[PDB]
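Heads up, the thing below is written out as structure tokens.
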Amino acid sequence: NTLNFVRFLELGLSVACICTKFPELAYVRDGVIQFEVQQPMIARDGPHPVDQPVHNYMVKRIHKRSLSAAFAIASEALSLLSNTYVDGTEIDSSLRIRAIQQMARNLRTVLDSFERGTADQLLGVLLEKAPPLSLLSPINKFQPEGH
Amino acid sequence: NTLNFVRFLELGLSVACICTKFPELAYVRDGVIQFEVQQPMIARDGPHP
Amino acid sequence: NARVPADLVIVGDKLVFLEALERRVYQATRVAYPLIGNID
Amino acid sequence: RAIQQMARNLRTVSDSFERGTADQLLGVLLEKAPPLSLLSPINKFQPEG
């Protein structure tokens, strides 16, 4: 067996997100991101009583933290992973192959704990900043509002 | 009348088994099979191990 | 001339048309007007 | 920061009467016309008299 392998793109996954990459890292915790305008207003009134100007740009928020995953190689394991050219010598090469098999389905561990990372992180979202129907199901009209 | 001889492969049931000829089967005590089946992973937030 | 479907439904033997104003004006702030509200 | 911030509210703050020209022609086009069941015999009860 090989853990099931044909690639990144074979059904339907990339719009939980949009993107921008972010390689260079190492500088932020709860920085900024912006835009610079606001939400529709005033030509139905009387000569209405006054309210006060249009033109603020409300402010917002950021996270950080972690998401962790290991791959534990025993002591018994890295010396018969070292050479000194002591090996080449008919009791290291063949069972060498059988073994090749074992640890290249978990160190590319280094490839199955990222690009399945987010069915237990993002259902984070639809756990955690817009819950159920009790607000907004058939709308269009009962809340421009407030007053 | 002449009997109609059935061949096991022609039956639709044959698709459920992989047959293999083995002349020296009178000489086995207990043959066995191996597996190496694995399982990948996923991660939890909070104090989740 | 300047093509568009803002287009055609039918009522009798005519046509009629139906895609109506909730796709163009004014979201998210704070005062009021004529309209639905209440009646005795 | 002087170039981008008055093209979006005199583009969106000189088109307010371009939010002004549909709701004063149904406040007397919706405040000079009341109700229905009587039109319908405005074509079944009056040509001659």
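If you're wondering about the labels, chains in the structure tokens are A, B, ... by order shown, residues count from 1 in each chain, ligands from 1 in order shown.
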
request  = Considering only C-alpha atoms, return as a list in words whatever protein or nucleic-acid residues lie within 12 Å of range 18-22 of chain B, sequence-local ones (same chain, fewer than 5 positions apart) excluded.
outcome  = residues 8, 9, 13, 27 and 28 of chain B

Residue selection dump (N, CA and C atoms) as a tab-separated table (two decimals), in the first residue's frame:
```tsv
chain	number	residue	atom	x	y	z
B	8	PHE	N	-16.68	-23.01	-13.96
B	8	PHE	CA	-16.80	-22.11	-12.83
B	8	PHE	C	-16.53	-20.67	-13.23
B	9	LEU	N	-15.59	-20.45	-14.14
B	9	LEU	CA	-15.25	-19.09	-14.53
B	9	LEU	C	-16.40	-18.41	-15.26
B	13	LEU	N	-20.41	-15.70	-10.37
B	13	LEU	CA	-19.89	-15.79	-9.02
B	13	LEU	C	-18.37	-15.77	-8.98
B	27	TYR	N	0.83	-30.12	1.60
B	27	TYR	CA	2.02	-29.91	2.40
B	27	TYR	C	2.05	-28.58	3.12
B	28	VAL	N	0.94	-28.11	3.65
B	28	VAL	CA	0.94	-26.85	4.37
B	28	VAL	C	0.19	-27.04	5.68
```

Distance-based interface of chain D with chain C, 9 Å, counting only C-alpha atoms, as a PyMOL selection string = chain D and resi 19+27+30

Could you pull the residues within 12 Å of residue 5 in chain C, counting only C-alpha atoms, minus those fewer than 3 positions along the same chain, as a PDB file with N, CA and C atoms, in the first residue's frame?
```pdb
ATOM      1  N   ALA C   2     -28.695  50.249 -26.790  1.00  0.00           N
ATOM      2  CA  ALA C   2     -27.650  49.707 -25.929  1.00  0.00           C
ATOM      3  C   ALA C   2     -28.158  48.473 -25.195  1.00  0.00           C
ATOM      4  N   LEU C   8     -38.178  40.317 -20.150  1.00  0.00           N
ATOM      5  CA  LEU C   8     -39.587  40.354 -20.504  1.00  0.00           C
ATOM      6  C   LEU C   8     -40.396  39.205 -19.924  1.00  0.00           C
ATOM      7  N   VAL C   9     -41.437  39.513 -19.170  1.00  0.00           N
ATOM      8  CA  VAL C   9     -42.348  38.494 -18.679  1.00  0.00           C
ATOM      9  C   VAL C   9     -43.641  38.716 -19.525  1.00  0.00           C
ATOM     10  N   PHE C  17     -42.742  42.152 -17.712  1.00  0.00           N
ATOM     11  CA  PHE C  17     -41.330  42.029 -17.397  1.00  0.00           C
ATOM     12  C   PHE C  17     -41.177  41.990 -15.869  1.00  0.00           C
ATOM     13  N   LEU C  18     -40.177  41.261 -15.343  1.00  0.00           N
ATOM     14  CA  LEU C  18     -39.997  41.178 -13.877  1.00  0.00           C
ATOM     15  C   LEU C  18     -38.558  40.864 -13.424  1.00  0.00           C
ATOM     16  N   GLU C  19     -37.808  41.916 -13.062  1.00  0.00           N
ATOM     17  CA  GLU C  19     -36.613  41.864 -12.217  1.00  0.00           C
ATOM     18  C   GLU C  19     -36.389  43.283 -11.643  1.00  0.00           C
TER      19      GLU C  19
END
```

request  = Give the strand (DSSP E) residues of chain C, as DSSP finds them on the backbone, and put them as a PyMOL selection string.
outcome  = chain C and resi 8-9+16-17

inquiry  = If DSSP is run on the backbone, what residues of chain D are helix (DSSP H, G or I)? A reply as a ChimeraX atom specification would be ideal.
reply    = /D:7-10,17-19,40-43

Export N, CA and C atoms of the chosen residues as a tab-separated table (two decimals), in the first residue's frame?
```tsv
chain	number	residue	atom	x	y	z
D	7	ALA	N	-12.68	61.54	-4.71
D	7	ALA	CA	-13.35	60.83	-5.87
D	7	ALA	C	-14.45	59.78	-5.49
D	8	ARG	N	-14.40	59.16	-4.29
D	8	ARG	CA	-15.48	58.22	-3.84
D	8	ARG	C	-16.69	58.78	-3.02
D	9	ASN	N	-16.64	59.96	-2.31
D	9	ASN	CA	-17.94	60.61	-1.79
D	9	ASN	C	-18.35	62.17	-2.29
D	10	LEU	N	-17.90	62.84	-3.54
D	10	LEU	CA	-18.55	63.66	-4.75
D	10	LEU	C	-18.76	62.99	-6.31
D	17	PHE	N	-28.75	63.13	-5.22
D	17	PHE	CA	-30.06	63.27	-5.86
D	17	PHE	C	-30.17	62.22	-6.96
D	18	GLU	N	-29.00	61.70	-7.36
D	18	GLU	CA	-28.86	60.37	-7.95
D	18	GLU	C	-28.96	59.35	-6.85
D	19	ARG	N	-29.41	59.79	-5.69
D	19	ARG	CA	-30.28	59.03	-4.80
D	19	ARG	C	-31.44	59.92	-4.34
D	40	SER	N	-61.92	47.54	-10.59
D	40	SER	CA	-62.33	46.53	-11.59
D	40	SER	C	-63.72	46.77	-12.20
D	41	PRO	N	-64.72	47.21	-11.46
D	41	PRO	CA	-65.93	47.64	-12.16
D	41	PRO	C	-65.93	49.11	-12.63
D	42	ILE	N	-64.80	49.84	-12.51
D	42	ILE	CA	-64.52	50.98	-13.42
D	42	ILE	C	-64.40	50.46	-14.84
D	43	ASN	N	-64.55	49.15	-15.01
D	43	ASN	CA	-65.07	48.67	-16.28
D	43	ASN	C	-66.02	47.51	-16.09
```

task = Compute the chain A side of the contact with chain D at 12 Å, counting only C-alpha atoms, and hand it back as an MDAnalysis selection string.
result = chainID A and resid 35:46 53:57

inquiry  = Taking only C-alpha atoms into account and nothing else, which residues of chain B lie no more than 12 Å away from chain A? Please answer as a count of residues only.
reply    = 16

task = Can you work out which one of A:7, A:61, A:48, A:29 has the shortest atom-to-atom distance to chain C, counting only C-alpha atoms?
result = A:48

request  = Could you please determine the separation between CA of residue 20 in chain A and CA of residue 70 in chain A in Å, to one decimal place?
outcome  =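 About the pair CA of residue 20 in chain A and CA of residue 70 in chain A: they are 27.3 Å apart.
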
inquiry  = One number please: CA of residue 24 in chain C to CA of residue 22 in chain D, in Å, one decimal.
reply    =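 Distance reported for this atom pair: 11.8 Å.
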
query = Got a sec to pull out which chain C residues are within 6 Å of chain A, counting only C-alpha atoms, and send them as a list in words?
reply =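 That gives the following set of residues: residues 26, 27, 28, 29 and 30 of chain C.
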
Selection to disk with N, CA and C atoms, as a compact mmCIF listing (two decimals), in the first residue's frame:
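Resulting contents of result_14.txt:
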```
# COMPACT_ATOMS: atom_id res chain seq x y z
N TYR C 26 -28.68 51.73 -1.60
CA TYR C 26 -28.62 52.18 -0.20
C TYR C 26 -28.59 51.11 0.91
N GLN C 27 -27.41 50.66 1.36
CA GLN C 27 -27.27 49.83 2.56
C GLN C 27 -26.73 50.56 3.81
N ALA C 28 -27.15 50.09 5.00
CA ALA C 28 -26.44 50.18 6.30
C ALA C 28 -26.24 51.59 6.87
N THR C 29 -27.34 52.29 7.16
CA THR C 29 -27.38 53.31 8.21
C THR C 29 -28.83 53.71 8.51
N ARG C 30 -29.01 54.92 9.06
CA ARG C 30 -29.79 55.13 10.28
C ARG C 30 -31.05 56.07 10.23
```
